[PDB]
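A single chain comes next, written as structure tokens; it is the form deposited in one PDB entry.
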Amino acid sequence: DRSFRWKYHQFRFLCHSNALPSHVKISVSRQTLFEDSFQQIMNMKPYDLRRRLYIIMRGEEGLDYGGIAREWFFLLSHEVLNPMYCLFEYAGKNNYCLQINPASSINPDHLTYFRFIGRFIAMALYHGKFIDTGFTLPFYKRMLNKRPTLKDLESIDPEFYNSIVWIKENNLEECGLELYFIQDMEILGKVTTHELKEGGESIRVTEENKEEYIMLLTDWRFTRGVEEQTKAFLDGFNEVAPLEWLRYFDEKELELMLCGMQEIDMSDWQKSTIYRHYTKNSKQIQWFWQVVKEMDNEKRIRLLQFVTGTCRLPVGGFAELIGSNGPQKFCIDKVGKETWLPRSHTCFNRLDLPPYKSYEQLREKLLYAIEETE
């Protein structure tokens, strides 16, 4: 019910309201960016990171405190992704859908490195600086105490999502399916079992079990093997910026606070859009682009997040979009009835746009979905 501008003013205000005087110096070189930053920030007291940041890129002498800070935040937000640290991995091909590495304990300091990354992200928000690390909306949901949903599974694992939907909409007592409330996990060669609930090894999934099994399994699909690393990140953040300060944001708004808003190239978008059952000459498609033309930039980004799962664009624009199974341009499909809302498949960067009866119908249903659904 509250707008993003209002929420941004109310958060910034609360940061401005908890500031400290003076400054902190952080000295790094381009070649030891990560290690210098890690030590200096972690041997500092967390609240002191709310003071004015003086980042020294030792050797570079082009300066501007807010410009070197800007550059630092960017470079380091990438350097934490270095595979040598074994902290992160991708659920899909071509660096699609970042997630914490369950095997990260092969790095004996991983929990301390994650608490450092937590601090670094809170420093970015607190100082209004931007990062390009590429966290997913479910990761942001966790920062806002939002539980991942059935829809979210399709982003990380469309086949898992479809198997859960099938269970959700079939009769278990009619097909012979035998499942139990327990999951196998193999991390670094060690295979472990996790009970979804007490005694779940012996509890079989029935029609009367189903809904509970699905929501316990959904949570487990996002939390498995990364509980301790995730806790270390959240603590590191909370040390610097109380997580309580994010109470009003949703996950898509939080991603904008950390990534920054940039102006969306309308031509790049339309040239790189592909169509299923529709064409570029379809009634509803030409209506679609009128609704997008009438949107302000804030709402276009929101449309991008609804369909693709992020506001971030690759190098080379919309032609280079990535899905769960590889390259995957923005796509619009004729799916659904006139009584449905538009729904997205973020793994395929797809908008199921029903064959609406009027421009006014499409405009209201599109704007409603991009604002209230995911």
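For every residue, the number given is its place in the sequence shown, counted from 1.
The discussion below concerns the form deposited with a partner chain bound, not included here.
Of the candidates 212, 195, 227, 132, 132 is the one whose heavy atoms come within 4.5 Å of its partner chain in the deposited complex; the others do not. Think of it this way: in the deposited complex, its partner chain has a heavy atom of just one of 246, 259, 137, 240 within 4.5 Å, and the residue is 259.
Residue contact check for residue 313: one or more of its heavy atoms lie within 4.5 Å of its partner chain in the deposited complex. Its partner chain in the deposited complex comes within 4.5 Å of a heavy atom belonging to residue 128. Contact between residue 298 and its partner chain in the deposited complex is found at the 4.5 Å heavy atom cutoff. In the deposited complex, at least one heavy atom of residue 9 sits within 4.5 Å of its partner chain. Comment: 69 to 77 is the region of 96 to 104, 69 to 77, 272 to 280, 115 to 123 lying near its partner chain in the deposited complex, near meaning a non-hydrogen atom within 4.5 Å.
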